[PDB]
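# build me a structure from this.
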Amino acid sequence: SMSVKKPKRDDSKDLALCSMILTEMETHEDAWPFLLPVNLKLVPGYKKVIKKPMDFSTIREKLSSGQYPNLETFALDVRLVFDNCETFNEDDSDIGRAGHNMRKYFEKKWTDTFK
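Numbering: from 1, shown residues only. Coordinates below:
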């Protein structure tokens, strides 16, 4: 509250560390469904159903241009990528499986880096 603060957690490396995690996600072999925005002209259903499209290149641009105010807003967009994937894809599809794998991969790096 006013003039009463918890001890300052060091956040000065957060930008660099989120970039490293992102790089690791970008270079994973199962990243291919997630590298670029889904083509909303060529994928029936996507525009109407997925209210907030998200992908790694878009996260990369937002990161590089100071559009994440903190590391939690970054994590929210990453998870959005996987949440969208689950909404639109059957669990037993290559893409559906990619998404489960990438989410697992992300959450471990996240925990190991920050928790």
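# show me what the helix or strand hosting residue 16 is in contact with.
Residue 16 is part of helix 14-27 when elements are defined by DSSP states H and E. Contacts with helix 14-27, where a contact means Cβ atoms under 8 Å, 6 or more residues apart in numbering, come from 31, 34-35, 56, 59-60, 63, 68, 70-71, 74, 78, 102, 105-106, 109-110, 113-114. For every residue, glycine as well, the C-beta is placed using N, CA and C.
# filter those residues to the buried ones?
Buried by 16 or more other Cβ atoms under 10 Å: 31, 34, 56, 59-60, 63, 68, 71, 74, 78, 102, 105-106, 109-110, out of the contacts of helix 14-27.
# residue 5: which of those residues is nearest?
Using Cβ to Cβ, residue 71 is the member of the buried ones among the contacts of helix 14-27 that lies nearest residue 5, at 18.9 Å.
# so which residue is smack in the middle of the chain?
residue 78 (1.2 Å; Cα atoms, centre = their mean).
# what's the neighbour count on residue 55?
The tally of other residues near residue 55 (other Cβ atoms under 10 Å) stands at 18.
# separation between it and residue 102?
Distance of residue 55 to residue 102, computed by Cβ to Cβ, to the nearest Å: 12 Å.
# overlap in contacts, these two.
With Cβ under 8 Å, 6+ apart, residue 55 and residue 102 have common neighbours 34, 81.
# now do the helices in the chain.
14-27, 46-49, 56-64, 71-88, 94-114 (DSSP state H).
# and residue 1, which of those helices is closest to it?
helix 71-88 (21.2 Å).
# list the buried residues in that closest one.
71, 74-75, 77-78, 80-85, 88.
# check stretch 36-53 too.
38, 46, 50.
# ok, now stretch 1-14?
residue 14.
# quick one: end-to-end length of it, please.
End-to-end span of stretch 1-14 (Cα to Cα, to the nearest Å): 25 Å.
# what's next to stretch 62-77, contact-wise?
With contact meaning Cβ under 8 Å, 6+ apart, stretch 62-77 is reached by 11, 14-15, 17-19, 22, 54, 58-59, 61, 110, 114.
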